[PDB]
Every structure is written in structure tokens, then in C-alpha cells.
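Residue numbers (the deposited numbering), protein chains in the order written: chain d, 1 to 417; chain c, 1 to 417; chain X, 996 to 1044.
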Ligand SMILES: Nc1ncnc2c1ncn2[C@@H]1O[C@H](COP(=O)(O)OP(=O)(O)O)[C@@H](O)[C@H]1O
Ligand SMILES: Nc1ncnc2c1ncn2[C@@H]1O[C@H](COP(=O)(O)OP(=O)(O)O)[C@@H](O)[C@H]1O
Ligand code: BEF
Ligand code: BEF
Ligand SMILES: [Mg+2]
Ligand SMILES: [Mg+2]
């Protein structure tokens, strides 16, 4: 029996199945131990059990295989793995494992793994002959990501603006600078829809840290991807745990020659969690910030790169400004000269209800010559020269108003002449 | 005999009844043990006894049923419940129980429960087949709360301003940012009166933490609701106890498909109580704050949501600023990007005696499109555009002066054109 | 473990409730005797000044 099958089931179907099995009232307790108990029963009377998830190594040597629907949380759903696997197949933190499991025997409460069927959607034999992550040779953005769908709906134009404001490719670092109440949420939503529609081949992951559960719920069932998130009713331990697990999963997946693109919103809340979870090293900055509290966020942001040997990792993290604290400014200043794809969203345009509010003049992308052709980049330069002397609001006014009538971006370039 | 009957009686009537019974002088001691002793007598010679309250589970397995008029406090008024009930009906922390009780026998001092008559105003059979709280599917605000009464008295206009400044619906999170001496007390009072007058179907609860007893007294007998509060002459244990009990009661009640709306003033004092009651975890923030001291307040604030399956939970917590401490700013900064309904009360307008002092420019509500019609929200946008370029004081001056003559809000929208 | 059911409430559930109440009283009395014997055999003895 597969675990992900009972995973994609709602709680009501689990309740109905447990009542069909004729047991103690299972609807009373957690979905976690609901699945645990129904699995224990169906495995008392049932086949080999099958399961899948992502592995995290403990300091005891053993490992835990956890689910992304539980956002990689500790509980009875986890699969225990022995260090003997981590010696035989030499398992690692963040490996996508899928294999056979069994009930725990006398005194045990965690399902034990039997035989690894797929390691990162690949062969264990081929799991040995792999390349290390930092041992790779990074490179600039080589292949551009097509965000324009070509239909021109009410929201798709938003993505089109990006296609002429800051082109993104596999291996690029994107950083969004926006104050609160600027419309970045559905900005990432439309971006994710477009990159999932245009490229169903690259595995797409999003990250929500200290976000409201409403957006988490509406996102985890609207776009494609293992939509993993971290709500604010948990301490910084869980947030940094999601950070570790998904960043290691992306690292292993690009090591397996796959293009991974990670959507984070926001990087400032994650860095604040990093600060409040890391022990104090004596050196305080302005606003209660540790110098070592930015080391791991810098690692998380710089993990993205464009591999020469194969695969790529592109990160798009959003940053908050203009919200008053000391940490927001110190973090945004520390991260300004890090990413090579700035996207500035000025609230001065969002206050006029002109969406998307994009600061085209203060935005840009370095090494953008390796993403578009000569005439494409030339048209981009000419339009930037045309719109730069204009202000902010009127700039986006002209951009959106002229992209409203024409429907393909190259046609917009043509008509702009 | 019902307990709530003797509960709603003043102390003088209890004294008269005890003297009519011909016993030792009962007026000498607590209302608590006054009711205890008169119940012991009337139950020595009387029917089955009846009682009602909210249940809290102890770490011994048993539970205590307490009263909200005593703000869920420990004392002789409590009803002892055995773990056998918590196995049979599987009782829970925060269940509204009402059932039959008896005097305690030899050596016992707590009234024992006999048979549960109503569990959360519902059937115990139907108390099994229920849905778990976090297992629910949250959603955005779907149904808007009508705060306008339509009479236009001296204070009702205050609520009307909210109806055009930040619309609230079932499941929304409201956070009030106001310095001391800004008129938030009767702001919540008028809001509670309006939502109790317009919607007598949803159970309405308020929360006062570290508040003066005068406001507690004047509130517990002016509006409808189980007005539970926590005065500062008790330590943080009692305050966090009220927090637990009423939040669990609201959770169970929305689990029973009921709309619960919780009024808290203020969230900063409750968070300070949480900080001073939680043990230190080593990590200190600016101002003696624990990182884990905000975890449970964040849980309390994020518990509110709009359920898809049925019922809803809306929280309106007030926050204090500009009072000098480190905790107030760190807490308000931590809670800024949490709530989706900001209400800013600037003291700069309250100093001019212009009530209500509402920062309309710095206030707003996300996902406000799911609460009003197209033309309503359009008129809201046009008026926001009209009043935004104005200052603060003059903005509220114009708002209040133009809402003074017209009496219905849509008529105000019409006349504003 | 399933003393509790439901059918023809008006009198059947009344008798079942009377029985459940008697059972709860019996369990409470047994727990009282248990704790009494416990505190009796575990109380601090007096030996000498
Ligand atoms: N493409 C759009 N069309 C219409 N309205 C929009 C569009 N984008 C944003 N909005 C408006 O902006 C608001 C966005 O709210 P929110 O997602 O909280 O903004 P942010 O994510 O920037 O904080 C909504 O109330 C919506 O009415
Ligand atoms: N709607 C109103 N109607 C009449 N008086 C009001 C109103 N709102 C505020 N006030 C005045 O403001 C004062 C409120 O004090 P208080 O409730 O302690 O404010 P805060 O809680 O902000 O310190 C009262 O003396 C009252 O005269
Ligand atoms: F989601 Be908003 F930008 F706070
Ligand atoms: F209640 Be006041 F604002 F001190
Ligand atoms: Mg947003
Ligand atoms: Mg006050």
C-alpha cells in the first residue's frame, strides 16, 4: 500500500476507511496518527507497504523519511531508516526516497524501511556515480525561462512585464524588493502558474515562511509543486527545518541533473527566524542581529547557480522593505549586492491601483545578453532608454496601457517603434 | 437546581436565601463558598442539582468544569469530572458542558457530574461525529459583518467609519494599532454593541487582560456575551488560563459549526504575560523577551480563520504602541505582518478631540473584494483615492463632518460624488 | 468496553444511564478506597523524639 495515496486523501475519507475497518474511533485524533493507525491495521492484514518522502539525517546516525504534505514534520508518519542504509547506499540529507516499509515490531513506533525502490527518482546504482554540489562548476544563466503564455488574460500581462523588465533563466538569483501591501503574493502565484504551464519538466517548489495559513491553503491546491510552507504558529525551529530540508532536496535534485527553481517569500522573515534560532555570538548589529545569523541565509540564497555539468538551480526570494524595523533594512542592505536579478515593486504605484506595480527604472538583470537574441536585447535596451526618463507611476501606466492592446511581447516591441 | 440561576443572582440575594435557610452566617465569606454552602444545603434537601460551564482537562486525567462569571477560576464552585467521561464521550479542553451534579460525599469537596445533558449546546451522539480544528480547511473572508445600524447616533457613526475604512467578515484577523489614551475602549464597546445588535446568532466573546476592574465591571453588564476578563491583581498564570480556556471554547464552538468572534484588548499585555509565565529558553531579545514567548501568542492570534466546512472564527486583538517600552515595539513589529485587517488609531487626531481618531490612510484590508459588491468596493476605492492625498487630522475631519449630515453609508457614498 | 449504545431512548437509555451512573459510583468508591489504603500505608510514621 502506498503512503502518498492515503496522503492525498482528505480527512473524511480516512475517517470512512477507518470506520469501514471497524476499529476504535479514529476521527478523534490527528491526521498524522490517523494515517499511522489505519496503516498499522491495513499492514497487520495487507501486502508489503510502500512509502515515499525526503530523508533527514539525525545526529544518532539514523534517518527520518518525512512527507512534504506535513511540511517535513516529525510525527508517527515518519519512516525510520538505519545507518546501515547510509553506509550501503550512502544516504544523504535531502534525498527523495521511495521504497517498501513494514509495521514496527515490539516496542517500536516508527515504520521501518525494507528496500529502496527509487532514490531521487533514479537508480541506487546510479545514485553512487553522482557529482557533489559545491564541487560543481557554476556558470551564468544560459537558458532563458519563457514566462509569456501568449493568451493575454487579465493577469498574464503581469508576467509579460517581467519578460521585458528582468529576464530570468535557469541558474539566476532573483530578489524581490517590495514594501507590504504591494501585490507580491499573486505576483509569485502568476509566475508559478506560468513557469509550471510553460515548463512541466523542471520540478518547481515554493517556500512560505511565517505566512498566514489562508495563503498557504489557497496555494497548496492551486499551482503544481510540492507546496511546502511554514506557518507562524510554530517556532523558528520548524522554519529552519523546512529551509534545511527543501534546500537539501533541491541540491540533491540538481546533483541528479535536474533543473530546480525555488520560490521563497520572504527571505527577510526566514533570516529573522535564522537570527532568533542561532545562538548569540557576542557581536550584535543594529536591531538585535547576529553577524553569524546571516551566514546560513547567505548560504541558502547563494546555493542557486547554473551548473555546467548538468542541471541548474534558480532561486527567487522576496525581500520586504519600508515596514519600520531595523532588521528589514539591515537584511535588505546585506542582500542587495548578492542577487543578479532585482525586481523592485514600488508601493507608490500600488497606491494608485496600477498592477503590477513594478519599478522598471530601478530594476534590471546582469548578464542578460545570454538569455535573449541580439535584436531582442536591443529592443529591450531601446525601450529602457524610452521609458527611463519618465517617472514611476506614468512609466508603469504607459507600459501596461501599451501592453493591453497588443498581445505578444515581440509584437509590443514592434509596435513600440 | 440550576447553578447559573444562583450565578446571575447578586450577593445580597444569596445572603437572604442563606438566612432563609437558617444556617451559619454565610455573608461572611466568598461568593464562591457562599454558593458552595447554599448548594450543599439545598442539595441535602432538594432535587437533582443542575450545572453548566466550560471544561478544562488536568494532567491527572480528570477535569474541572468552571464558570465564566468567575472567569474560569479554581474554587469550590467547580465541578469534578472523571476521566471515564473523557473516555466515554471523549471530553476535551474547552467543551461547553451542562448536566446534572450532586453533592460530594465523605471527604470530597467538589460537586460530581452525573449525566451530560448538553455538550456545546449539542447532542453527545453528535459530539462524537465532529471535525477537528486544525484539520479544517481555512479560507478567506466570505461573509461580511454589517456594523452599520442605520440610526446615526452620536457614537454609531464611529462604527460606520469602520464600514468604509476596513470591512470585517467572519474569519478575518483584526489588529488595532493605537497608543495609550486614544479611545479604543469604547471603540470595542461600540463595535460589540453593533455586532451584537446586528447578529444575535453568532456567540460573541470579549477578553480583557491586565485591565482595570472598573472597565471590566462596566463591560460585563452593558453588552451581550460571556464577558470574561483578567485583572492585574492576579499573576500571569490566571491570564494565560483565561487565554487557554476561552480560546479552546471558541475552537470547540467553531468545530460545532458556529461563528465565534473574539475581542481581545490588548494582545501586547497578553503577550507580556505569556513572556513572564514561560520559562526562559536562553535566547533573549531586546527588552527581556523570549523567542518562545511569542509562539503561544502567535498560536492564539492565528487560531482565527474562515472554515469551508462550516462555522468561522474571527479575532479582533488590539495592540499598544508609543508607550516607551521595548516589548511593545518588538511585539507590534512581530505581529504587523500577521493580521489581514489593520486598524490604526493615531493619537495625533485624538489630541484634537476628534473621535474616532482613525488613521484611514495607513489602514486597509486585504482580500476586501470578497466582502462587498463591485460598486461598493469601487466607491471605497474612489473615496480612498480622494482622502489619501489629505493629511491625518484633516482627513478624519472631512470624513466625520461629511458622515454627520448623511445617515446611511451608501447615501454618504452617493453624496460624496 | 462499549457499555454505551442507543435504542428506544425513552426508557432503555434511562436504565442504561442508571447503570452507568452506578458503575461510575462503584469505580469512584474503589479509587477512594485505593487512595485511602495508599496514604495509610505510606504516611510518615512517628518513631521517637
Ligand atoms: N491584477 C489585479 N487585478 C485586480 N486587482 C488586483 C490585481 N492585483 C492586485 N489587486 C488588488 O490588490 C490587492 C492585493 O492584496 P495582497 O495580495 O495582500 O497584496 P500584496 O500581496 O502585495 O500584499 C487586492 O485587494 C486586489 O484587489
Ligand atoms: N464615542 C465616544 N463618545 C463619547 N465620549 C468618548 C467617545 N470616545 C471617547 N470618548 C472620550 O474619551 C475618553 C476615553 O478614555 P479611555 O477609554 O481610557 O481611552 P483609552 O482607553 O484610549 O485611554 C472618555 O473620557 C470619553 O469622554
Ligand atoms: F502581503 Be502584504 F504585502 F503584507
Ligand atoms: F487605556 Be489607555 F489607552 F491607557
Ligand atoms: Mg502579500
Ligand atoms: Mg483603554
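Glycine included, each C-beta is placed from N, C-alpha and C at the ideal position.
Handout entry: Inter-stretch contact at 8 Å, needing at least 3 Cβ pairs: the region 75 to 95 of chain d / the region 244 to 256 of chain d
Key = yes
Handout entry: Of the residues 36/d, 69/d, 59/d, 29/d, the one placed nearest residue 1/d, counting alpha carbons only
Key = 36/d
Problem - Test item: CB-CB of residue 370/c and residue 142/c under 8 Å - result: yes
Practice task
Could you please tell me which residues of the region 165 to 182 of chain d, in chain order, have their CB closer than 9 Å to any CB of chain c?
Solution key: 180, 181
Practice task
Mind checking which residues open and close the alpha helix (DSSP H) that includes residue 295/c?
Solution key: 295 to 302
Handout entry: Contacts of residue 1041/X in chain c (Cβ-Cβ under 9 Å)
Key = Residues of chain c passing the Cβ test: none, with the nearest at roughly 23 Å.
Exercise for the section: Leaving aside the five residues before and after residue 125/d along the sequence, list all residues of the same chain whose C-beta is less than 8 Å from its C-beta, in chain order. Expected result: none
Exercise for the section: Find the nearest neighbour of residue 27/d within the set 15/d, 137/d, 373/d, judged by alpha-carbon distance. Expected result: 15/d
Handout entry: DSSP state of residue 354/c mapped onto helix, strand, coil
Key = coil
Practice task
Using a Cβ cut-off of 7 Å, pull out every chain c residue sitting near residue 1019/X, in sequence order please.
Solution key: 82, 84
Practice task
Would you list the one or two residues that DSSP bridges to residue 144/c?
Solution key: 169/c
Exercise for the section: Look up residue 95/d in the DSSP assignment and say whether it is helix, strand or coil. Expected result: coil
Practice task
Would you decide whether residue 284/c is buried or exposed? Buried here means 16 or more other CB atoms lie within 10 Å of its CB.
Solution key: exposed
Problem - Local conformation of residue 239/d per DSSP, three classes - result: helix
Handout entry: Beta-carbon contacts of residue 262/d that lie in its chain and below 6 Å, excluding the five residues immediately before and after
Key = 205, 250, 315
Exercise for the section: Kindly list the residues whose CB is nearer than 7 Å to the CB of residue 71/c, restricted to its own chain and excluding five residues on each side of it in sequence; keep chain order. Expected result: 228, 229, 230, 242
Exercise for the section: May I ask whether a heavy atom of ligand 1 can be found less than 7 Å away from the beta carbon of residue 384/c? Expected result: no
Problem - Simplified DSSP assignment, three categories, for residue 11/d - result: helix
Handout entry: Proximity test, residue 186/c beta-carbon vs ligand 2 heavy atom, cut-off 7 Å
Key = yes
Exercise for the section: Mind checking which residues open and close the beta strand (DSSP E) that includes residue 313/c? Expected result: 312 to 320
Exercise for the section: Over the uninterrupted alpha helix (DSSP H) stretch that includes residue 403/d, give me the two end residues. Expected result: 393 to 405
Exercise for the section: Closer than 8 Å by beta-carbon distance: list the chain c residues that pair up with residue 235/d, in chain order. Expected result: 291, 292, 295
Practice task
Tell me, please, which residues DSSP counts as bridged to residue 364/c.
Solution key: 342/c
Problem - Rounded Cβ spacing between residue 328/c and residue 344/c (contact assumed at less than 8 Å) - result: Going by Cβ atoms, the distance from residue 328/c to residue 344/c rounds to 15 Å, so no, they are not a contact pair.
Exercise for the section: Return helix, strand or coil for residue 504/c, following the three-state DSSP convention. Expected result: Only positions 1 to 417 of chain c appear in this structure, which leaves residue 504/c out of reach.
Problem - Residues bridged to residue 64/d (per DSSP) - result: 56/d, 80/d
Practice task
Return yes when the C-beta of residue 232/d is under 7 Å from any heavy atom of ligand 1, and no when it is not.
Solution key: no
Practice task
Measure from the alpha carbon of residue 267/c to the alpha carbon of each residue in 281/c, 65/c, 321/c, 374/c, then state which is nearest.
Solution key: 321/c
Exercise for the section: For the beta strand (DSSP E) containing residue 117/c, list its first residue and its last residue. Expected result: 111 to 119
Practice task
Check whether the Cβ of residue 182/c lies closer than 7 Å to any heavy atom of ligand 4, and answer yes or no.
Solution key: yes
Practice task
Would you mind working out which of 90/c, 69/c, 99/c sits nearest residue 500/c, comparing C-alpha positions?
Solution key: Any question about residue 500/c goes unanswered here, given that chain c covers just 1 to 417.
Practice task
Please list the partners that residue 213/d has in chain c, where partner means a Cβ-to-Cβ separation under 8 Å.
Solution key: 138, 302, 305
Exercise for the section: For residue 337/c, verify whether its CB is less than 7 Å away from any heavy atom of ligand 3. Expected result: yes
Practice task
State the start and end residues of the unbroken beta strand (DSSP E) segment that holds residue 211/d.
Solution key: 203 to 211
Problem - Members of the region 88 to 119 of chain c that neighbour chain X once the beta carbon cut-off is set at 7 Å - result: 88, 114, 115
Exercise for the section: Could you name the residues of chain c that residue 25/d contacts, counting a contact when the two beta carbons are closer than 9 Å? Expected result: 90, 128
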